[PDB]
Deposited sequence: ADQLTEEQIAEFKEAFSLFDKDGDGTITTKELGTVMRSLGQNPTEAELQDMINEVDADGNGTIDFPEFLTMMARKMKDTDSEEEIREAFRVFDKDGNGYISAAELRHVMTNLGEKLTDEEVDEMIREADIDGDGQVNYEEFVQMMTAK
């Protein structure tokens, strides 16, 4: 179950998508995010992505709809997770480093302290090596 701190973190993630701060994520904003993460969805693809999440059918994603998606996470999806992993593991060595995570967050327009980046890595790190491997990443997502 979600906690206060975790809901507040998902709200911060939502604000990285909601570029114009109007409280909804549009296809355009989703496209911007996806491209900043190295993906190249078409217009129709973006519409399909929003449609999966858009509970009230208004064509945009509000925070309760975003949180509804995040709450459930993934369940028993393989290939999308490897693609997401590769977004972060830009050198391809199989480990997400704090520098790699910070670079991603900077491309999304989030400026974080070193403490904050380390805290993020710590939350997903299981073995304590200070990096996130794929098995760790899968467990975070599911």
{"property": "Ranges missing from the model, given as deposited sequence positions", "result": "1-2, 79-80, 147-148"}
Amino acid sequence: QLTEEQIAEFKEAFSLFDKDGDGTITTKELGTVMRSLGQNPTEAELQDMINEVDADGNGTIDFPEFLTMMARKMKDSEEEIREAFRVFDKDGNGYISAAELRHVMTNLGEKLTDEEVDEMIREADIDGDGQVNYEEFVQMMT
From here on, numbers count along this sequence of modelled residues.
{"query": "Mean C-alpha temperature factor, higher of 25-33 and 101-109", "finding": "101-109"}
{"query": "53-61 versus 92-100 - which carries the larger mean C-alpha B factor in the record", "finding": "53-61"}
{"query": "Third of the chain, ranked by Cα B-factor, where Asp129 sits", "finding": "lowest"}
